[PDB]
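Listed next as C-alpha coordinates is one chain, alone, in the form solved without its partner chain.
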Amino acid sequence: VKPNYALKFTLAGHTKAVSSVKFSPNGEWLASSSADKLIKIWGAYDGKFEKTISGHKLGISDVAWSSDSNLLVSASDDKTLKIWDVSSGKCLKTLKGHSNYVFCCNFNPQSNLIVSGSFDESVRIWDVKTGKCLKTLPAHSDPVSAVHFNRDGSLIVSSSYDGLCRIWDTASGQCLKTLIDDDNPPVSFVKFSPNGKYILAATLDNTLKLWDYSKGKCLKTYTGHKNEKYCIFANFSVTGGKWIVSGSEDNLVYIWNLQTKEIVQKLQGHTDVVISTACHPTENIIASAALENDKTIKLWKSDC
(Lines give C-alpha, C1' and ligand atoms only; values in the text may rest on other atoms or scores of the structure.)
Protein backbone atom coordinates (compact mmCIF):
# COMPACT_ATOMS: atom_id res chain seq x y z
CA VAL A 1 0.00 0.00 0.00
CA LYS A 2 1.12 3.62 -0.70
CA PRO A 3 -0.66 6.83 0.30
CA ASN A 4 -2.17 9.15 -2.31
CA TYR A 5 -1.79 12.60 -0.73
CA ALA A 6 -3.25 15.27 -3.03
CA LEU A 7 -3.05 19.05 -2.66
CA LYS A 8 -6.25 20.58 -1.22
CA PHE A 9 -5.35 24.14 -0.13
CA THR A 10 -2.50 26.60 -0.37
CA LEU A 11 -2.49 29.06 2.51
CA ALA A 12 -0.90 32.40 1.64
CA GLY A 13 -0.52 35.46 3.84
CA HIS A 14 2.84 35.38 5.61
CA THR A 15 5.27 37.94 4.12
CA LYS A 16 8.54 36.09 4.93
CA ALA A 17 9.63 32.44 5.30
CA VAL A 18 7.32 30.17 7.23
CA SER A 19 9.30 28.41 9.98
CA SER A 20 6.89 25.87 11.58
CA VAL A 21 3.34 24.52 11.30
CA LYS A 22 1.49 22.45 13.95
CA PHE A 23 -2.04 21.09 14.10
CA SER A 24 -4.01 21.65 17.28
CA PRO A 25 -4.51 18.47 19.33
CA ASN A 26 -8.30 18.74 18.79
CA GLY A 27 -7.79 18.78 15.01
CA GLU A 28 -9.64 22.03 14.32
CA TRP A 29 -6.73 24.36 13.66
CA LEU A 30 -3.31 24.76 12.11
CA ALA A 31 -0.91 27.31 13.61
CA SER A 32 1.98 28.71 11.58
CA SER A 33 4.97 30.78 12.65
CA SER A 34 7.08 32.90 10.39
CA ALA A 35 10.21 34.98 10.05
CA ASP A 36 7.68 37.84 9.57
CA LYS A 37 7.29 37.86 13.43
CA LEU A 38 3.72 36.54 13.24
CA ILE A 39 1.69 33.50 14.19
CA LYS A 40 -1.31 32.76 12.01
CA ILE A 41 -4.18 30.39 12.80
CA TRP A 42 -5.99 28.62 9.92
CA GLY A 43 -8.95 26.22 9.76
CA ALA A 44 -7.51 22.75 9.35
CA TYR A 45 -10.39 21.41 7.16
CA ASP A 46 -11.15 24.41 4.90
CA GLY A 47 -7.80 26.27 4.96
CA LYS A 48 -9.59 29.49 5.91
CA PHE A 49 -7.51 32.15 7.63
CA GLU A 50 -8.76 32.68 11.21
CA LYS A 51 -6.47 35.19 12.88
CA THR A 52 -3.06 36.81 13.26
CA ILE A 53 -1.21 36.81 16.62
CA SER A 54 1.54 39.41 17.09
CA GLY A 55 4.02 40.73 19.66
CA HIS A 56 7.47 39.21 19.11
CA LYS A 57 10.09 41.82 18.11
CA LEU A 58 12.00 39.50 15.70
CA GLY A 59 11.09 36.43 13.62
CA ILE A 60 9.77 33.17 15.12
CA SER A 61 11.44 29.76 14.64
CA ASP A 62 8.84 27.46 16.29
CA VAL A 63 5.37 27.24 17.81
CA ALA A 64 3.60 24.52 19.83
CA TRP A 65 0.09 23.86 21.24
CA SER A 66 -1.02 22.94 24.76
CA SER A 67 -2.87 19.61 25.12
CA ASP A 68 -6.24 21.34 25.52
CA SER A 69 -5.64 23.40 22.32
CA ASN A 70 -6.17 26.66 24.28
CA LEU A 71 -2.57 27.99 24.43
CA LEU A 72 0.35 28.39 22.09
CA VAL A 73 4.01 28.89 22.89
CA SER A 74 6.38 30.51 20.38
CA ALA A 75 10.21 30.69 20.20
CA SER A 76 11.82 33.81 18.73
CA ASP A 77 15.09 35.40 17.58
CA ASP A 78 14.31 38.14 20.17
CA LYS A 79 15.62 35.64 22.79
CA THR A 80 12.22 35.04 24.36
CA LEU A 81 9.36 32.63 24.30
CA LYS A 82 5.79 33.85 24.51
CA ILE A 83 2.69 32.01 25.83
CA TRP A 84 -0.51 33.02 23.98
CA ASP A 85 -4.22 32.60 24.68
CA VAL A 86 -5.45 31.38 21.30
CA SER A 87 -9.01 32.66 21.64
CA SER A 88 -8.05 36.21 22.60
CA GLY A 89 -4.66 36.46 20.84
CA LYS A 90 -3.21 37.97 24.04
CA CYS A 91 0.33 37.35 25.27
CA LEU A 92 -0.10 35.78 28.72
CA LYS A 93 3.57 35.43 29.57
CA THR A 94 7.00 36.30 28.15
CA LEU A 95 9.65 33.71 29.09
CA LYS A 96 13.01 35.46 29.43
CA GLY A 97 16.39 33.95 30.17
CA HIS A 98 17.95 32.55 27.03
CA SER A 99 20.94 34.58 25.87
CA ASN A 100 20.59 34.00 22.10
CA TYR A 101 17.85 33.03 19.59
CA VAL A 102 15.26 30.58 20.90
CA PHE A 103 14.98 27.86 18.24
CA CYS A 104 12.50 25.18 19.37
CA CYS A 105 9.78 24.67 21.95
CA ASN A 106 7.11 22.26 23.21
CA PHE A 107 4.60 21.72 26.01
CA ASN A 108 4.55 18.53 28.02
CA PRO A 109 1.36 16.44 27.82
CA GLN A 110 0.20 17.72 31.21
CA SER A 111 0.96 21.20 29.77
CA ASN A 112 2.17 22.60 33.10
CA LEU A 113 5.74 22.79 31.61
CA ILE A 114 7.38 24.19 28.50
CA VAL A 115 10.74 23.00 27.19
CA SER A 116 12.91 25.25 25.01
CA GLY A 117 16.22 25.02 23.14
CA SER A 118 18.36 27.91 22.00
CA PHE A 119 21.44 29.05 20.11
CA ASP A 120 22.83 29.63 23.60
CA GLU A 121 23.43 25.83 23.70
CA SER A 122 21.07 25.33 26.66
CA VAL A 123 17.74 23.58 27.25
CA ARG A 124 15.35 25.34 29.63
CA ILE A 125 12.31 24.00 31.43
CA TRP A 126 9.69 26.65 32.33
CA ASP A 127 6.57 26.72 34.56
CA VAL A 128 3.57 27.55 32.37
CA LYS A 129 1.53 29.10 35.21
CA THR A 130 4.18 31.50 36.50
CA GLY A 131 6.56 31.83 33.56
CA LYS A 132 9.53 31.07 35.83
CA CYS A 133 12.51 29.15 34.44
CA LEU A 134 12.63 26.03 36.64
CA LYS A 135 15.80 24.47 35.22
CA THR A 136 18.60 25.36 32.81
CA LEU A 137 20.35 22.30 31.40
CA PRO A 138 23.93 22.79 30.01
CA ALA A 139 22.73 20.41 27.38
CA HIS A 140 25.00 20.82 24.34
CA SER A 141 28.14 22.51 22.96
CA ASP A 142 26.41 24.11 19.96
CA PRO A 143 22.90 25.37 19.11
CA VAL A 144 20.01 23.11 20.21
CA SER A 145 17.92 22.24 17.13
CA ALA A 146 14.99 20.37 18.71
CA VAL A 147 13.36 19.54 22.10
CA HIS A 148 10.42 17.12 22.67
CA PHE A 149 8.66 15.48 25.61
CA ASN A 150 7.72 11.80 25.57
CA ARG A 151 4.15 10.60 26.07
CA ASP A 152 4.08 10.79 29.88
CA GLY A 153 6.31 13.87 30.12
CA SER A 154 8.91 12.05 32.20
CA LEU A 155 11.62 12.44 29.47
CA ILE A 156 12.92 15.17 27.17
CA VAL A 157 14.91 14.43 24.03
CA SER A 158 17.24 17.15 22.69
CA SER A 159 19.39 17.44 19.55
CA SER A 160 22.21 19.78 18.59
CA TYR A 161 24.71 20.79 15.96
CA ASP A 162 27.37 19.34 18.27
CA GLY A 163 26.30 15.97 16.83
CA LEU A 164 24.59 14.64 19.96
CA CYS A 165 21.08 13.47 20.83
CA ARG A 166 20.49 13.42 24.56
CA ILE A 167 17.66 12.04 26.71
CA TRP A 168 16.91 13.94 29.95
CA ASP A 169 14.92 13.15 33.08
CA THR A 170 12.33 15.93 33.32
CA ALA A 171 12.09 15.88 37.10
CA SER A 172 15.76 15.64 37.98
CA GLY A 173 17.39 17.37 34.99
CA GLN A 174 20.02 14.70 34.63
CA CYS A 175 21.15 13.24 31.33
CA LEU A 176 19.97 9.63 31.02
CA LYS A 177 21.47 8.82 27.63
CA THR A 178 23.76 10.27 24.96
CA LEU A 179 23.40 8.98 21.38
CA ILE A 180 26.35 9.35 18.96
CA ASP A 181 26.73 7.86 15.46
CA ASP A 182 29.37 7.65 12.69
CA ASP A 183 31.41 10.90 12.48
CA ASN A 184 28.97 12.96 14.57
CA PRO A 185 27.27 15.05 11.87
CA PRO A 186 25.09 17.89 13.17
CA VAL A 187 21.73 16.63 14.42
CA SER A 188 19.10 18.98 13.02
CA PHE A 189 15.85 17.48 14.42
CA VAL A 190 14.63 14.88 16.95
CA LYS A 191 11.34 13.68 18.37
CA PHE A 192 9.86 10.75 20.23
CA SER A 193 7.64 8.22 18.51
CA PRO A 194 3.97 8.29 19.62
CA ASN A 195 4.42 5.29 21.92
CA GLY A 196 7.62 6.78 23.41
CA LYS A 197 9.78 3.72 22.58
CA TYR A 198 11.77 5.24 19.67
CA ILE A 199 13.30 8.54 18.63
CA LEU A 200 13.48 9.83 15.04
CA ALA A 201 16.63 11.91 14.47
CA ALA A 202 17.65 13.92 11.41
CA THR A 203 21.31 14.57 10.65
CA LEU A 204 22.77 17.05 8.13
CA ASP A 205 24.19 14.20 6.08
CA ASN A 206 20.87 13.74 4.22
CA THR A 207 19.72 11.02 6.63
CA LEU A 208 16.90 10.22 9.05
CA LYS A 209 17.36 7.42 11.59
CA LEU A 210 14.90 5.63 13.87
CA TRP A 211 16.56 4.68 17.20
CA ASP A 212 15.75 2.46 20.13
CA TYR A 213 17.31 4.97 22.49
CA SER A 214 17.32 2.77 25.60
CA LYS A 215 19.17 -0.02 23.78
CA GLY A 216 21.15 2.55 21.73
CA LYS A 217 20.49 0.73 18.43
CA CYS A 218 19.60 2.23 15.05
CA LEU A 219 16.60 0.27 13.79
CA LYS A 220 15.86 2.09 10.51
CA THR A 221 17.29 4.73 8.16
CA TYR A 222 15.34 6.90 5.71
CA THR A 223 17.29 8.45 2.83
CA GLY A 224 16.85 9.90 -0.65
CA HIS A 225 15.83 13.45 0.37
CA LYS A 226 18.13 16.49 0.68
CA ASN A 227 19.01 17.85 4.13
CA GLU A 228 22.40 19.49 4.59
CA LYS A 229 21.71 23.03 5.85
CA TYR A 230 18.33 23.46 7.64
CA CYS A 231 16.56 22.06 10.76
CA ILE A 232 13.65 20.38 9.00
CA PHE A 233 10.79 18.88 11.02
CA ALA A 234 9.94 15.17 10.53
CA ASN A 235 6.91 13.23 11.69
CA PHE A 236 5.34 9.84 12.39
CA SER A 237 2.12 9.48 10.42
CA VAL A 238 -0.20 7.05 12.19
CA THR A 239 -3.80 7.83 11.19
CA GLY A 240 -3.63 5.48 8.18
CA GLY A 241 -0.59 3.55 7.05
CA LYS A 242 2.49 3.98 9.25
CA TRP A 243 4.71 6.49 7.43
CA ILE A 244 7.67 8.74 8.12
CA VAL A 245 7.05 12.28 6.78
CA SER A 246 9.72 14.94 6.21
CA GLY A 247 10.44 18.09 4.29
CA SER A 248 13.47 18.40 2.05
CA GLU A 249 15.84 20.96 0.59
CA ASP A 250 14.82 19.92 -2.95
CA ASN A 251 11.37 21.58 -2.32
CA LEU A 252 9.51 18.23 -1.91
CA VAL A 253 7.69 16.45 0.93
CA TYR A 254 9.01 12.89 1.29
CA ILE A 255 6.93 10.05 2.68
CA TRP A 256 8.55 6.70 3.54
CA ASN A 257 7.12 3.35 4.60
CA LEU A 258 8.28 3.15 8.20
CA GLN A 259 9.06 -0.57 8.17
CA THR A 260 10.50 -1.09 4.70
CA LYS A 261 12.25 2.31 4.47
CA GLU A 262 11.05 2.69 0.84
CA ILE A 263 9.93 6.09 -0.39
CA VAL A 264 6.20 5.76 -0.98
CA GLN A 265 5.42 9.30 -2.17
CA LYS A 266 7.01 12.67 -2.99
CA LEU A 267 4.71 15.69 -2.83
CA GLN A 268 5.50 18.39 -5.42
CA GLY A 269 4.40 22.02 -5.42
CA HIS A 270 6.50 24.11 -3.05
CA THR A 271 9.15 26.40 -4.57
CA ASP A 272 11.60 26.55 -1.67
CA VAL A 273 12.98 24.33 1.10
CA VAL A 274 10.10 22.55 2.87
CA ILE A 275 11.20 23.41 6.40
CA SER A 276 8.22 22.01 8.23
CA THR A 277 5.59 19.26 7.98
CA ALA A 278 2.93 18.18 10.43
CA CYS A 279 0.46 15.29 10.53
CA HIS A 280 -3.18 15.78 11.54
CA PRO A 281 -4.16 13.94 14.78
CA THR A 282 -7.17 12.04 13.33
CA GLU A 283 -7.38 12.45 9.53
CA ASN A 284 -4.80 11.54 6.82
CA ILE A 285 -3.86 15.20 6.33
CA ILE A 286 -0.37 16.67 6.03
CA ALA A 287 0.50 20.33 6.46
CA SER A 288 3.73 21.57 4.85
CA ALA A 289 5.43 24.93 4.78
CA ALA A 290 8.38 26.50 2.99
CA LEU A 291 11.00 29.24 3.16
CA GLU A 292 11.54 32.69 1.62
CA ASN A 293 10.92 31.99 -2.10
CA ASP A 294 7.61 30.26 -1.34
CA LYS A 295 6.14 31.62 1.96
CA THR A 296 3.08 29.32 1.77
CA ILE A 297 1.55 26.50 3.74
CA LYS A 298 0.02 23.58 1.84
CA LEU A 299 -2.62 21.11 3.06
CA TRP A 300 -2.65 17.60 1.58
CA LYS A 301 -5.09 14.72 2.05
CA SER A 302 -4.83 10.97 1.44
CA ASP A 303 -7.28 8.06 1.53
CA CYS A 304 -4.68 6.12 3.61
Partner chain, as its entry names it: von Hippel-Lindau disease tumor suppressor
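Residue numbers count along the first chain shown, from 1. Take the two forms, find the largest set of C-alpha atoms that superpose within 1.5 Å, and that set is the rigid core.
Note on 228 to 236 and 180 to 188: with rigid core alignment, C-alpha atoms in 9 other deposited structures of this protein sit farther from this form for 180 to 188. Higher mean CA B-factor, judged across 157 to 165 and 177 to 185 from the recorded values: 177 to 185. Relative to one another, 99 to 107 and 203 to 211 have unequal mean CA B-factors, and 203 to 211 is the one with the higher figure. Comparing C-alpha B-factors across 229, 226, 82, 151 in the deposited entry, the largest value falls on 151. Out of 39, 263, 274, 244, it is 263 whose C-alpha atom has the highest B-factor in the PDB entry. For residue 70, the recorded CA B-factor ranks within the middle third of the chain. Only modelled residues enter the ranking. When the modelled residues of the chain are ordered by C-alpha B-factor, residue 114 sits in the lowest third. When the CA B factors of the chain's modelled residues are split into thirds, the value for residue 193 lands in the middle one. When the modelled residues of the chain are ordered by their C-alpha B factor, residue 92 lands in the highest third. Per-chain ranking of the deposited C-alpha B factor places residue 259 in the highest third.
The protein also exists as the form deposited with its partner chain bound; that form is not presented, and the subsequent description refers to it.
At a distance threshold of 4.5 angstroms between non-hydrogen atoms, residue 127 is out of contact with its partner chain in the entry with it bound. In the entry with it bound, at least one heavy atom of residue 229 sits within 4.5 Å of a heavy atom of its partner chain. Put simply, residue 85 is far from its partner chain in the entry with it bound: not one heavy atom of it is within 4.5 Å.
Using a 4.5 angstroms threshold between heavy atoms, residue 172 stays clear of its partner chain in the entry with it bound. For the candidate set 97, 131, 89, 186, a heavy atom within 4.5 Å of its partner chain in the entry with it bound is found for exactly one residue, namely 186. Of the residues in 153 to 182, those that come within 4.5 Å of its partner chain in the entry with it bound through at least one heavy atom are, in sequence order, 161, 162, 163.
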